[PDB]
There are 2 protein chains.
Amino acid sequence: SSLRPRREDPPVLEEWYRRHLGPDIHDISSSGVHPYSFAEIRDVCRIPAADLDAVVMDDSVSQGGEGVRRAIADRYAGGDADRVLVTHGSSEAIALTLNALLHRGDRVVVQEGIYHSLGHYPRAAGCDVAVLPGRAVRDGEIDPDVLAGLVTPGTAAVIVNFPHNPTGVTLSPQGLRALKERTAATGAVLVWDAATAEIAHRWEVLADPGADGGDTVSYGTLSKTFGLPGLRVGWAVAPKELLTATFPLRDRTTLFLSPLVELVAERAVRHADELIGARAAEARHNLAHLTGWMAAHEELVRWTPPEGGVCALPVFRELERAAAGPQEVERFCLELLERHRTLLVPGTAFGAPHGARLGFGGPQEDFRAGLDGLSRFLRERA
Amino acid sequence: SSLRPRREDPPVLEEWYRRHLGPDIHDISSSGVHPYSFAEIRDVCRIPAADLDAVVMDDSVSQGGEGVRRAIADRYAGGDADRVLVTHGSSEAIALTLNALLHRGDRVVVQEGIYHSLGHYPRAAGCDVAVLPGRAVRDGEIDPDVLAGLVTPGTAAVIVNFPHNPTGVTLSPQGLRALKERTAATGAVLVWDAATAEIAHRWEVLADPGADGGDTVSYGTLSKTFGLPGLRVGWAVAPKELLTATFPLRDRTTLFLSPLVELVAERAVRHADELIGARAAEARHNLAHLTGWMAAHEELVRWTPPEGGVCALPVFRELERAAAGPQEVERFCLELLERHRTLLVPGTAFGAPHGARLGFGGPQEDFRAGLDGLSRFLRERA
Ligand SMILES: Cc1ncc(COP(=O)(O)O)c(C=O)c1O
Ligand SMILES: Cc1ncc(COP(=O)(O)O)c(C=O)c1O
């Protein structure tokens, strides 16, 4: 038999979860807020059984159904439904638009430790990639001296995720304005993954640069702040010409979304403030508790507190002292899971060999139990 | 600004529908049976509102949820849920498995006029493609003399769709057995798109070669025979080793399906006979009527009757006589739509310059109206 499957290494993040997600664990590893049940969604978003029952299970359309596009456009595109592309999670919006955007040889600037798929597409397109160092982002701005050297005339795209999964670093409105001015000046396309945009702790929620109506591409999803990762709805906001250029790829991958899913997503987006607000309050409750926990453990752990989003990257001092290598953090996390039923994501998934992602957007009761597990574990090793 | 979207030609099929689908037309162009409403699905598939309400909108898993995988495996994989991959339509299953299966330089045999995405992936992978001529498939078998020259030791894959969209040609159980014997002998992977497998008119429904438990890849979908194109659920049946090799690609495109969608799909597959049977009876009603219509129009139209599925490819004699070129059939279909509100798909979408796809799986009332439109149109031109 000639069957010889092409093999590629899976991203560390997703493989970690395939191997270790399961029942009876304290999962304090997520970059999202814990999921709603469909009952809660129907309640909050005002979805009578009859409205679902009326949906004819027919084809939807290439760009996304008009109702859901409009709801998203009103919140993130200044009401221009023509600049919205509705997709199976933001994962699909990323795959579609970056395949259409990026060219072999293009100079592209990519945020250090960016979400795996955002780093994958420029590499795979054969772009000339320069990294934006994580240390250059501080106090709500990218160091203007760093931005000046990295983004210059001929720079094709600048690709960032703010608030950043997993560190929670983000920009202030002033920082975003300065970033947009540099990309506009050079003609670079700003590519802005706003997965956790709706939850901001230090400065205000960043207005979607997609709403400006220029040559920027931004992503959003219901997966991380809305409690709907299982709905599989995200979007890109971008010029119509880029969006339609994605259709041939969409034609041989997914075709279109379900009108039943699109109805639900439309109602969720219309009720975004209630869905997000309830989960954001719980996350901030957990965050206040996590901050106290971190102060109590400052000998064993250090961190930058998150400026946005619902996860952070604690760094374990014992891994800094012993100094690497990357495999040690994976062992650390495995042992923690084995001995204490507590799940983090090892920093190898994000280019941070000495850290792990700790999510605080899960349920408040389970959060304490996970922290107790981590506490016992750190004590045992010290 | 550097924004320069990469441009590719869209498949003719999907672009035709983007330009010409709409309200107030008689659509007799589809390769599928007309969609159920969600109300009907809940009724037939026994889905209480409470079962939907219980679904937590959390992550599903890379291979597809266990319940839906099992339901599909029982019907098409001889009960081996490990050999099933559940995907966003069969479109995604095709994209995922062919990306993992096909290698540059591989000799691949591809059915003439095959569904666009099935023809795209071997071309794009840089396979060495030989075409299986449509005229070689007759009376339920591929001409053994043709199969002998095309599929030889070192042939990597043979890619076919039976029943065939748009001609409705298919194989008998004997024809399928002979095809499988030739691929098994040479070590070629049979890739078997069974989108319309459940509706067979001349011989029995073909048992899924996926159920054999060898090195074959077969696709199915809820889109064409179940009345659920808008659910966006399909699958591949294939060796587990090929399926898991798709995970890295799935990790940067769709991640996984919705558990809410997976619940519905599981119940639909369990109630497949009722969902399919009702629509199959209506299609056969339309087919009996279409056959009489074709006899009444034998001066202007010829056809091979469909052996399976719910569409056929009538050939318009006036286009044969005047002899091409391909653009004339598109004009023909446009005029038909403009003047008579009746939609076909021009044969340019399927490599058949003188034909158009005529679907008989739509509602019986709308079917007559479409045929009257086509009749008036053919008379006008004669
Ligand atoms: C920053 C970022 N972008 C995009 C995604 C893709 O998620 P989805 O496809 O559920 O929208 C994720 C999820 O991990 C993420 O953390
Ligand atoms: C033969 C064949 N295979 C696959 C597909 C993909 O459909 P879906 O993604 O809805 O399963 C189609 C739909 O046009 C088809 O006709």
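In the PDB header, X-ray crystallography is given as the technique by which the entry was determined, and 2.00 Å as its resolution.

As recorded by the PDB entry, chain A carries the name Aminotransferase and is attributed to Streptomyces lavendulae.

Undergrad: Would you mind showing me how to read the overall build of chain A here?
TA: Regarding its fold elements, chain A presents 15 helices and 16 strands. Over its C-alpha atoms chain A spans a radius of gyration of 21 Å, differing by no more than 12% from the 21 Å that the globule rule assigns to 382 residues. Overall size of chain A, expressed as C-alpha extent along the three principal axes, is 60 × 55 × 55 Å. For chain A, buried positions account for 62% of its 382 residues. Taking the contacts inside chain A whose residues are at least 6 apart along the sequence as the reference set, 73% of them involve residues at least 24 apart. Surface accessibility of chain A: about 14200 Å² in total, with carbon and sulfur atoms responsible for 49%. Both charge centroids of chain A, one from 40 positive and one from 51 negative side chains, sit 3 Å from each other.

Undergrad: Can you walk me through the site of ligand 2 in this structure?
TA: Surveying the vicinity of ligand 2 reveals 15 residues, the closest of which are B:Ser90, B:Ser91, B:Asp193, B:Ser223 and B:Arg232. Surrounding ligand 2 is a set of residues that belongs to chains A and B. At 2.6 Å from a nitrogen atom of ligand 2 is found a side-chain nitrogen or oxygen belonging to B:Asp193. Here an oxygen atom of ligand 2 and a side-chain polar atom of B:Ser223 are 2.5 Å apart. Protein contact buries 96% of the 400 Å² of open area that ligand 2 shows by itself.

Undergrad: Please explain the sheet that holds strand β2 (residues 84–87) of chain B as it appears in this structure.
TA: Either a parallel or an antiparallel arrangement is found when strands of a sheet pair, and the pairing is made through backbone hydrogen bonds. Residue and element names in this part refer to chain B. Taken together, seven strands build an open sheet; the order of strands is β2-β10-β9-β8-β7-β3-β4 and the sheet is mixed. Looking at the sheet topology across the chains shown, the edges are occupied by β2 and β4 (128–132). Ignoring strand direction, the axes of neighbouring strands in this sheet form an average angle of 15°. As paired strands, strand β8 (residues 189–193) and strand β9 (residues 216–221) are joined by four bridges and run parallel to one another. Looking at β9, one finds that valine 191 is bridged to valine 217. The strands touched by helix α6 (residues 116–125) within the sheet are β3 (107–111), β4, β7 (155–161), β8 and β9, with β7 carrying the most contacts at an inclination of about 160°. Sheet contacts for helix α8 (residues 173–186): β7 and β8; angle to β8, the most-contacted strand, approximately 145°.

Undergrad: I keep staring at the sheet that holds strand β15 (residues 345–346) of chain A and nothing clicks. Help me out?
TA: Residue and element names in this part refer to chain A. Reading across the sheet, the three strands line up as β12-β16-β15 and stay open at both edges, with antiparallel pairing between neighbours. With partners counted over all chains shown, the strands left at the sheet margins are β12 (311–312) and β15, one partner each. For β15 and strand β16 (residues 356–359), the ladder comprises two bridges, and the chain directions are antiparallel. Bridge pairing in β16 links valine 345 to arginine 357.

Undergrad: Just to check I follow, could you spell out the nonpolar core for this structure?
TA: Side chains that are nonpolar tend, in soluble globular proteins, to be buried together. Counting residues in hydrophobic clusters, the biggest one holds 215 residues, and the most contacted among them are A:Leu222 and B:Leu222. Leave out the neighbours within four places in its chain, and A:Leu222 touches A:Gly227, A:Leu228, A:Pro229, A:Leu231, A:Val233, A:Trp235, A:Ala265, A:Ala268 and A:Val269. Within the second largest apolar cluster, 21 residues are counted, among which are A:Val137, A:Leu150, A:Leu176 and A:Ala197.

Undergrad: Even after reading the chapter, I still don't get the site of ligand 1, so can you show me in this structure?
TA: Of all residues adjacent to ligand 1, which total 15 residues, the nearest are A:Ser90, A:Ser91, A:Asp193, A:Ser223 and A:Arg232. The environment around ligand 1 is built from residues contributed by chains A and B. Separating an oxygen atom of ligand 1 from a side-chain N or O atom of A:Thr221 is a distance of 2.7 Å. The separation between an oxygen atom of ligand 1 and a polar side-chain atom of A:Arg232 is 2.5 Å.

Undergrad: Would you mind showing me how to read unusual backbone geometry here?
TA: Excluding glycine, most residues fall at negative phi; most peptide bonds, likewise, are trans. A cis amide bond, omega 15°, links A:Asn165 with the succeeding residue A:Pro166. Here A:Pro166 lies in the loop between β7 (155–161) and α8 (173–186). Between B:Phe162 and the following residue, B:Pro163, the backbone shows a cis peptide bond with an omega angle of -5°. Tracing the sequence through the fold places B:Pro163 in the loop between β7 and α8. For A:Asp24, which is not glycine, the phi dihedral falls at a positive 55°. Checked against the element boundaries, A:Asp24 lands in the loop between α1 (12–20) and β1 (26–27). Unusually for a residue other than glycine, B:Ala323 sits at a positive phi of about 55°. Relative to the helices and strands, B:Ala323 resides in the loop between α13 (317–321) and α14 (327–340).

Undergrad: Got a minute to help me understand the interface of chain A and chain B in this structure?
TA: Accessible area lost during the coming together of the parts is what is often quoted as the interface size. If you look at the interface, chain A gives 73 residues, while chain B gives 73 residues. Of the roughly 6100 Å² buried where chain A meets chain B, counting both sides, 57% is carbon and sulfur surface. Applying the counting rule to chain A against chain B returns six salt bridges. Note that B:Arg252 is salt-bridged to A:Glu8, the shortest N-O span being 3.2 Å. At the junction of chain A with chain B, the criterion picks out 44 residue pairs in polar contact. Of all the elements, helix α5 (residues 89–101) of chain A adds the most residues to the side of chain A that touches chain B, at six residues. The residue makeup of the side of chain A that touches chain B, split by class, is 36 nonpolar, 19 polar and 18 charged.

Undergrad: Would you mind showing me how to read the environment of B:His201 here?
TA: Residue and element names in this part refer to chain B. Here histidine 201 shows up in the loop between β8 and β9. Accessibility expressed as a relative area gives 24% for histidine 201, which makes it partly exposed. Residues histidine 201 and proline 163, 38 residues apart in the sequence, show an inter-C-alpha distance of 10.0 Å. Once residues lying within four places of it in the same chain are set aside, the contact partners of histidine 201 are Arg284, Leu287, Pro306, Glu307, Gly308, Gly309 and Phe360. A polar contact of 2.7 Å, which involves the side chain of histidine 201, links it to the backbone oxygen of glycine 309.

Undergrad: Sorry, what's going on with the pattern of salt bridges here?
TA: Two side chains carrying opposite charge are able to pair once their charged atoms lie near each other. All names here are of chain A. A full pass over the atoms with the stated rule returns 44 salt bridges over all chains. As a salt-bridge pair, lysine 180 and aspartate 212 come within 2.7 Å of each other at their nearest N and O atoms. Separated by 32 residues along the polypeptide, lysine 180 in helix α8 and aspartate 212 in the loop between β8 (189–193) and β9 (216–221) bring together distant segments of the chain. What makes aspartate 212 exposed here is its relative accessible area of 52%. One salt-bridge network, held together by shared partners, links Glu318, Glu335, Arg339, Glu380 and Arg381.

Undergrad: Quick question: what am I supposed to make of the environment of B:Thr225 here?
TA: Residues and elements named next belong to chain B. By the element assignment, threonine 225 lies in the loop between β9 and β10 (234–237). Residue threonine 225 is classed as buried on the basis of its relative accessible area of 1%. Ignoring anything within four residues of it in the chain, the contact list for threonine 225 reads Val33, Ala195, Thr196, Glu198, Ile199, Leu275 and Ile276.

Undergrad: Mind showing me how you'd approach empty space enclosed by the protein here?
TA: Vacant regions in the atomic arrangement are exposed by a probe of water-molecule size rolled over the atoms. Taken as a whole and judged by the stated rule, the model has ten cavities of 30 Å³ or more. Here the largest cavity is characterised by a volume of approximately 80 Å³. In this structure, the largest cavity is lined by A:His88, A:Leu231, A:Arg232, A:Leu257, A:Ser258, A:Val261, B:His88, B:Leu231, B:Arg232, B:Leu257, B:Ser258 and B:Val261. Looking at the lining of the largest cavity residue by residue, the class counts come to six nonpolar, four polar and two charged.

Rules behind the numbers
Sequence order sets the numbers: each chain starts from 1, possibly unlike the entry numbering, and residues with no coordinates are not included. Numbering of ligands from 1 and lettering of chains from A proceed in the order in which they are written. Note that the side-chain values use all heavy atoms of the structure and ignore hydrogens as well as water. Note on conventions: DSSP H or I runs of at least 4 residues are helices, E runs of at least 2 residues are strands, and numbering of each starts at the N terminus. Atoms considered for the radius of gyration are the C-alpha atoms alone. The globule rule reads 2.2 Å times the number of residues to the power 0.38. Relative accessibility thresholds used throughout: buried, under 20% of the residue-type maximum; exposed, over 50%; partly exposed, between the two (1.4 Å probe, protein chains only). Contact between two residues is taken to exist if any of their heavy atoms lie within 4.5 Å; hydrogens are not considered. Accessible areas in this description were obtained via Shrake-Rupley with a 1.4 Å probe; residue shielding takes into account the shown protein chains only. Residues scored as charged are limited to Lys and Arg (positive) and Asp and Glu (negative), so that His and the chain ends carry no count. A single reference atom marks each charge: NZ on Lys, CZ on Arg, CG on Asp, CD on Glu. If even one non-hydrogen atom of a residue comes within 4 Å of a molecule or strand, that residue is called near it. We call two N or O atoms a polar contact when they sit within 3.5 Å, provided that within protein one can donate a hydrogen and the other can accept it, with sequence-adjacent residues counted only if both atoms are side-chain atoms. Strand pairing follows a simple DSSP-based rule, namely that at least 2 bridges must link the two strands. For helices, the axis comes from a line fit to the C-alpha atoms of the stretch in contact; other axes are also lines fit to C-alpha atoms, and the angle between any two N-to-C directions lies between 0 and 180 degrees. As used in this record, nonpolar core signifies buried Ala, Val, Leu, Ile, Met, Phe, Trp, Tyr and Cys residues forming a set joined through side-chain atoms within 4.5 Å. We define buried area as the total accessible area lost by two parts upon association, computed with a 1.4 Å probe and summed across both. Every case where a carboxyl oxygen of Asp or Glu lies within 4 Å of a side-chain nitrogen of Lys or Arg is listed as a salt bridge. Basically, the charged four are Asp, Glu, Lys and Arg, the nonpolar ten are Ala, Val, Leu, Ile, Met, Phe, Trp, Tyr, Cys and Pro, and anything else, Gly included, counts as polar. A cavity here means a set of 1 Å grid points, computed over protein atoms only, where a 1.4 Å probe fits but cannot escape. A pocket is an open set with protein on both sides within 12 Å along at least 5 of 7 lines, and lining residues have an atom within 4 Å of a point. Grid points are joined across faces, edges and corners, and a volume is the space filled by probe spheres set on the points.

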